[PDB]
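Chains as they are written, first to last, in PDB author numbering: chain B8, 94 to 188; chain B6, 13 to 64; chain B0, 39 to 148; chain BQ, 152 to 251; chain Bk, 48 to 66; chain Bb, 27 to 380. Just so it is clear, CB atoms sit at the ideal spot from N, CA and C, and this is done for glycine as well.
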Amino acid sequence: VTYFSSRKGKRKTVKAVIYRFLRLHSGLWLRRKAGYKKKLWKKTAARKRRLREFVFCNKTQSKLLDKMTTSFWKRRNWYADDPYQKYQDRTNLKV
Amino acid sequence: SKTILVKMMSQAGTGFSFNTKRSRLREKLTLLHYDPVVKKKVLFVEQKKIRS
Amino acid sequence: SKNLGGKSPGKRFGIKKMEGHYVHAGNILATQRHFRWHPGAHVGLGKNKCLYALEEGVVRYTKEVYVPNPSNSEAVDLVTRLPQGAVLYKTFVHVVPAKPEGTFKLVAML
Amino acid sequence: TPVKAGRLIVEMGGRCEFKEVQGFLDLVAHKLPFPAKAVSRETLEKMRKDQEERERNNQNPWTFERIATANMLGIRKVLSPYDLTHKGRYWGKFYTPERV
Amino acid sequence: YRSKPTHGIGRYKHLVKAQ
Amino acid sequence: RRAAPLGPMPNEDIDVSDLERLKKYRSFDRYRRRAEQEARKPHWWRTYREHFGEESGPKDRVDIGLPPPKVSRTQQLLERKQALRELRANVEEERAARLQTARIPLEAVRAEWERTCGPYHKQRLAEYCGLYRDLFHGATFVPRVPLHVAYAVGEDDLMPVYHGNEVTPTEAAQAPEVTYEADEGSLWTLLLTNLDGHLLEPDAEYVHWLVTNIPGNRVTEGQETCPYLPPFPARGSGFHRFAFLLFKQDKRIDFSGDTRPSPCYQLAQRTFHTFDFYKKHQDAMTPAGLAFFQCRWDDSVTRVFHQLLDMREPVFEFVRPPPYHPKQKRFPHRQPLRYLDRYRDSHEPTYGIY
RNA sequence: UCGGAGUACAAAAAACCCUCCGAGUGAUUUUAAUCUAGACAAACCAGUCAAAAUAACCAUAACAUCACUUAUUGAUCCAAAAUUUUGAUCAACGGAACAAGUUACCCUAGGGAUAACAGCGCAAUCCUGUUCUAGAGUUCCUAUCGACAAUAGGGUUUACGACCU
RNA sequence: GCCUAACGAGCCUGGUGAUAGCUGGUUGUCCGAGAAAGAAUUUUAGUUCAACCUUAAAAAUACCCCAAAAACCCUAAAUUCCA
Ligand SMILES: Nc1nc2c(ncn2[C@@H]2O[C@H](COP(=O)(O)O)[C@@H](O)[C@H]2O)c(=O)[nH]1
Ligand SMILES: [Mg+2]
Ligand SMILES: [Mg+2]
Ligand SMILES: [Mg+2]
Ligand SMILES: [Mg+2]
Ligand SMILES: [Mg+2]
Ligand SMILES: [Mg+2]
Ligand SMILES: [Mg+2]
Ligand SMILES: [Mg+2]
Ligand SMILES: [Mg+2]
Ligand SMILES: [Mg+2]
Ligand SMILES: [Mg+2]
Ligand SMILES: [Mg+2]
Ligand SMILES: [Mg+2]
Ligand SMILES: [Mg+2]
Ligand SMILES: [Mg+2]
Ligand SMILES: [Mg+2]
Ligand SMILES: [Mg+2]
Ligand SMILES: [Mg+2]
Ligand SMILES: [Mg+2]
Ligand SMILES: [Mg+2]
Ligand SMILES: [Mg+2]
Ligand SMILES: [Mg+2]
Ligand SMILES: [Mg+2]
Ligand SMILES: [Mg+2]
Ligand SMILES: [Mg+2]
Ligand SMILES: [Mg+2]
Ligand SMILES: [Mg+2]
Ligand SMILES: [Mg+2]
Ligand SMILES: [Mg+2]
Ligand SMILES: [Mg+2]
Ligand SMILES: [Mg+2]
Ligand SMILES: [Mg+2]
Ligand SMILES: [Mg+2]
Ligand SMILES: [Mg+2]
């Protein structure tokens with residue numbers, strides 16, 4: 094990560110994150126499973142399903158990704174037609 | 013002996029494919045499989061040879 | 039060298055829930071390499087031979103008589119060679135179901 | 152061949168009195184790797200009855216068994232599990248008969 | 048289980064000799 | 027560390043020494059039998075039966091019965107031996123056997139059954155359906171006198187009430203024909219109770235039809251305490267059970283206490299405890315016959331509540347408990363996306379300040 | 001790298017240039033679907049089970065089977081395919097897209113975390129004694145010796161260990 | 001070998017505050033708690049995850065735990081689990 098850029102002196106984002114993850118606004122990150130397109134003939138249908146999932150990352154990973162990612166990506170987004178707008182608030186969480 | 017990975021196609025006119033390990037010295041493979049689009053048990057005949 | 043590759047991690051085969059515990063439907067009660075515990079009442083058997091609860095309730099272990107399925111050649115042979123008084127026993131896991139199946143409520147008074 | 156203390160190595164019978172057999176057997180016994188003795192039926196039962204009689208005669212209240220089993224002074228920390236059976240009579244491969 | 052009174056209840060192989 | 031078995035270990039009996047000289051069951055079936063007999067004994071280790079509710083297990087039965095019919099053992103035995111000699115003698119019968127053509131005159135078997143072991147079967151069916159559990163609470167009686175109840179569905183139609191059978195409330199709109207066999211020095215009391223379907227009181231029941239001081243087999247001649255009220259389960263709840271009880275009484279009994287008004291369409295007025303009612307008259311009345319049926323809501327019942335009881339009609343559902351979800355975690359790890367929906371309140375977007 | 005047994009005696013886990021067997025797949029037809037409560041396992045990545053509900057089929061018809069069945073396997077990117085997939089003795093098997101020797105001509109940074117000298121530990125090897133006598137000594141065990149073995153010491157040798165430098 | 005007293009490739013200046021997972025060093029006082037290693041890794045002189053731990057904050061049960069309970073040949077000290 095570049096903490097202070099050369100031209101702007103701001104903090105850069107690591108684009109390699111932005112291609113494989115998704116940040117809901119609650120702070121949860123969402124990712125594909127690994128190896129889900131790989132060698133499908135060789136796998137059980139059950140395993141294949143487990144692979145086709147979208148899954149959530151643990152706290153540590155989340156904080157790591159947040160550090161690797163600038164402020165812009167944490168903003169509240171309203172997209173038209175967006176699949177994921179349903180999931181961006183958190184509900185009934187007693188902690 | 014070696015086996016082979018063949019791409020098998022539906023005769024239901026629905027493009028659907030599934031790959032199978034098949035004996036190299038055996039005949040062209042044909043099976044009764046499940047096609048998800050038509051939601052039926054249909055005949056699949058091997059279209060292509062994928063991996064050797 | 040002569041000896042090679044003895045190195046593999048444990049499989050954590052064990053018994054996950056113990057007698058008297060509460061369980062929710064779908065909990066794995068045990069996992070095993072060979073049949074050690076057999077599934078009893080309200081306990082489903084997986085294809086890897088692990089036992090899971092089919093009902094919410096309380097786990098109980100029990101010794102009980104073993105009468106194999108006649109489609110199984112091996113077991114019926116083992117049973118068939120026994121002296122005339124003897125009975126195979128095995129260890130089973132059950133879940134004594136907790137909640138009642140359902141209730142009757144008053145929807146509307148017409 | 153493994154040999155645990157208290158095992159008969161060689162058994163001689165005959166119309167002999169014990170004394171001749173004892174005389175030349177003690178040589179053999181002496182050239183064995185462990186300490187050993189030449190014994191008759193009479194000798195053996197003699198030393199066993201003596202072994203138990205010594206242990207019901209004992210004047211001091213404190214015996215290895217009594218202390219070890221009840222874990223007095225937390226002594227089980229310094230003892231091995233096997234000790235519970237051996238009762239301080241056996242230590243390693245050694246065996247002291249005088250130990251009650 | 049070795050500690051229990053019910054140990055070896057399932058014990059059979061001594062009844063049938065197949066070797 | 028070994029423990030010591032408490033009492034006998036199961037196979038400890040047979041000799042392992044010399045296995046060849048021991049007889050085996052080479053049949054799967056013999057084994058199955060022996061095993062099922064072993065599964066019925068009272069073992070000293072935790073067992074299936076113990077946890078899964080043998081329902082009080084051993085129970086000393088308070089018996090309020092009619093005394094068992096006294097018949098000579100040896101005489102009966104001789105007579106049956108002879109009858110079977112006769113029946114086995116004929117060549118016609120044997121022909122009917124080898125050629126697989128024979129029939130049993132079911133009416134006559136139903137007759138003999140009703141006469142002989144019927145009472146016991148009816149008893150255990152009643153125990154099964156827990157008649158005794160909701161009526162006398164501890165008590166088992168054997169139905170010595172057979173009770174024949176029927177309903178008129180039309181001119182030619184007759185719907186019988188056997189023990190446990192299903193009947194529709196349409197059929198039961200009218201009082202039934204009741205038949206049993208007694209000469210007359212006799213006095214009886216007949217009772218129809220709805221074992222469940224009381225609305226307010228879980229432990230109590232409804233008397234539908236109660237009749238008393240019944241000479242012999244004469245049904246209508248008895249003074250009716252409670253006028254016939256047709257079966258009325260509620261739409262939601264399934265299968266209420268109605269019970270016909272028959273009591274042999276000695277002295278004429280009069281009760282102004284239990285007597286009900288002639289129309290009697292009030293529910294508070296028919297509320298009943300068979301136990302209590304029996305406790306009262308216990309000295310004279312001994313329960314003799316029994317017949318009962320299963321009944322579920324059908325169309326005609328709607329007319330009852332509105333027309334007779336002057337009520338709205340209560341309707342019920344069958345409600346299953348809401349599914350169990352673990353505590354929601356701040357960072358659900360390696361969990362599918364649809365996770366967030368399990369804790370969802372209702373499906374609707376909500377824009378808080380927006 | 002993966003698995004089975006012992007080590008690791010009874011929940012789990014558990015090391016070694018530890019002891020032993022294996023795997024890098026065949027054969028077969030029963031061609032083994034979609035979706036989802038709850039769990040196991042777990043640093044992460046990966047792995048495992050699985051009810052209900054759908055759809056397929058007898059017209060209330062979902063565990064592929066066998067070889068100890070357990071293991072028969074490989075991430076991203078990137079390439080080929082066009083609809084949906086396939087691709088590594090990437091075997092150094094959590095995988096650098098592609099790189100070998102040699103230095104006594106050597107250099108720097110360090111290390112007694114690690115060798116060569118010496119010390120120290122230990123005593124396999126080595127050396128001393130005693131114990132035991134079958135035997136050699138023509139006869140005779142112990143004048144002189146003494147096999148098979150026994151008990152104890154010494155701390156020269158070669159090692160072994162890597163504790164000071 | 002020799003190329004201005006150091007040539008396996010001169011010297012000087014600049015690149016330059018080269019870069020060192022390696023060594024050394026790191027400056028007032030007093031008080032509160034307080035740590036020995038499972039996993040990967042051209043990795044075992046290092047990192048990054050766990051488990052511990054520290055500072056705040058919300059809670060509710062936490063250890064200790066008697067019966068009962070956990071395998072098939074033999075098998076100990078004992079574990080697991082719980083009022
Ligand atoms: N087999 C294989 N090679 C790959 C993959 N990704 C990148 N490559 C690399 O791509 C290059 C292809 O050129 P090649 O040497 O095969 O002609 C190789 O250096 C190979 O290592 C992959 O997924 N599989
Ligand atoms: Mg192992
Ligand atoms: Mg390991
Ligand atoms: Mg000696
Ligand atoms: Mg008789
Ligand atoms: Mg766990
Ligand atoms: Mg299903
Ligand atoms: Mg590597
Ligand atoms: Mg590696
Ligand atoms: Mg790994
Ligand atoms: Mg790289
Ligand atoms: Mg030279
Ligand atoms: Mg040279
Ligand atoms: Mg240097
Ligand atoms: Mg050193
Ligand atoms: Mg070190
Ligand atoms: Mg030197
Ligand atoms: Mg040297
Ligand atoms: Mg020196
Ligand atoms: Mg040295
Ligand atoms: Mg020195
Ligand atoms: Mg020494
Ligand atoms: Mg001589
Ligand atoms: Mg020296
Ligand atoms: Mg040494
Ligand atoms: Mg060391
Ligand atoms: Mg110069
Ligand atoms: Mg520096
Ligand atoms: Mg390093
Ligand atoms: Mg230093
Ligand atoms: Mg410390
Ligand atoms: Mg690498
Ligand atoms: Mg950490
Ligand atoms: Mg206990
Ligand atoms: Mg507790």
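Taking a 10 Å sphere around the C-beta of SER155 (chain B8), we find 16 or more other C-beta atoms and assign the residue as buried.
Secondary structure at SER282 (chain Bb): coil, using DSSP grouped into helix, strand and coil. For the 9 Å CB-CB criterion, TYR99 (chain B0) and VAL134 (chain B0) do not form a contact. By the 16-neighbour rule on beta-carbons within 10 angstroms, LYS61 (chain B6) is exposed.
Below the 8 Å Cβ cutoff, chain Bk contributes no neighbours of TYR60 (chain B0), its closest Cβ being approximately 22 Å away.
Residue burial is scored here from C-beta neighbours: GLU162 (chain BQ) has fewer than 16 other C-beta atoms within 10 angstroms and is therefore classed as exposed.
The beta-bridge partner set that DSSP reports for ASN191 (chain Bb) consists of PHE319 (chain Bb).
For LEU157 (chain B8), the closest Cβ of chain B6 is not nearer than 9 Å.
Contacts with chain Bb at 9 Å (Cβ-Cβ) do not include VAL110 (chain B8).
Ranked by how close their Cα comes to the Cα of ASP324 (chain Bb), the residues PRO253 (chain Bb), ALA198 (chain Bb), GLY378 (chain Bb), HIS307 (chain Bb) have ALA198 (chain Bb) in first place. Assigned with DSSP and collapsed to three states, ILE111 (chain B8) falls in helix. In the DSSP assignment, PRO145 (chain Bb) falls within the unbroken alpha helix (DSSP H) covering 144-154. Closer than 9 Å to the CB of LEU133 (chain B8) there is at least one CB belonging to chain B6. Here the stretch 205-212 of chain Bb makes contact with the stretch 241-254 of chain Bb; the two share three or more CB pairs at distances below 8 Å. Judged by DSSP in its simplified three-state form, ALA260 (chain Bb) adopts coil rather than helix or strand.
Boundaries for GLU339 (chain Bb): no alpha helix (DSSP H) harbours it, and the DSSP string shows neither H nor E there. The secondary-structure analysis by DSSP pairs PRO77 (chain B0) across a beta bridge with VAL131 (chain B0). The beta carbon of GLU93 (chain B0) sits closer than 6 Å to the beta carbons of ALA63, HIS80, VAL133, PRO135 from its chain, once the five residues preceding and following it are set aside; these are given in chain order. Here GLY25 (chain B6) carries a coil assignment [DSSP, helix/strand/coil].
Membership of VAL233 (chain Bb) in the beta strand (DSSP E) is indicated by the continuous run 232-241. Taking the Cα positions, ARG27 (chain Bb) is about 13 Å away from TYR233 (chain BQ).
A distance below 9 Å separates the beta carbons of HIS76 (chain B0) and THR129 (chain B0). The three-state secondary structure of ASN208 (chain BQ), taken from DSSP, is helix.
Across the stretch 37-61 of chain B6, no CB contact with chain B8 closer than 7 Å is found for any residue. Contact between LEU235 (chain BQ) and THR214 (chain BQ) does not hold, since the beta-carbon distance rounds to 13 Å and is not under 8 Å. In the three-state scheme derived from DSSP, where H, G and I count as helix and E and B as strand, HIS307 (chain Bb) is classed as helix. Contact between the stretch 313-324 of chain Bb and the stretch 174-189 of chain Bb is established, with three or more Cβ pairs separated by less than 8 Å. Considering only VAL96 (chain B0), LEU116 (chain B0), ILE66 (chain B0), the residue with the shortest C-alpha distance to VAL105 (chain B0) is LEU116 (chain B0). The Cβ neighbour count for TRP171 (chain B8), taken over all protein chains shown within 10 Å, is under 16; the residue is labelled exposed. As a beta-bridge residue in DSSP terms, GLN275 (chain Bb) pairs with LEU213 (chain Bb).
Taking C-beta separations shorter than 7 Å and ignoring five residues to either side along the sequence, the partners of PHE342 (chain Bb) in its chain run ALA260, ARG261, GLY262, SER263, following chain order. Listed as beta-bridge partners of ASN31 (chain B6) by DSSP are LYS19 (chain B6). Ranked by how close their Cα comes to the Cα of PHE73 (chain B0), the residues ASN86 (chain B0), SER111 (chain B0), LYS143 (chain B0) have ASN86 (chain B0) in first place.
When DSSP states are grouped into helix, strand and coil, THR100 (chain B0) belongs to the strand group.
The beta carbon of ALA156 (chain BQ) is closer than 6 Å to those of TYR246 in its chain, skipping five residues each way along the sequence.
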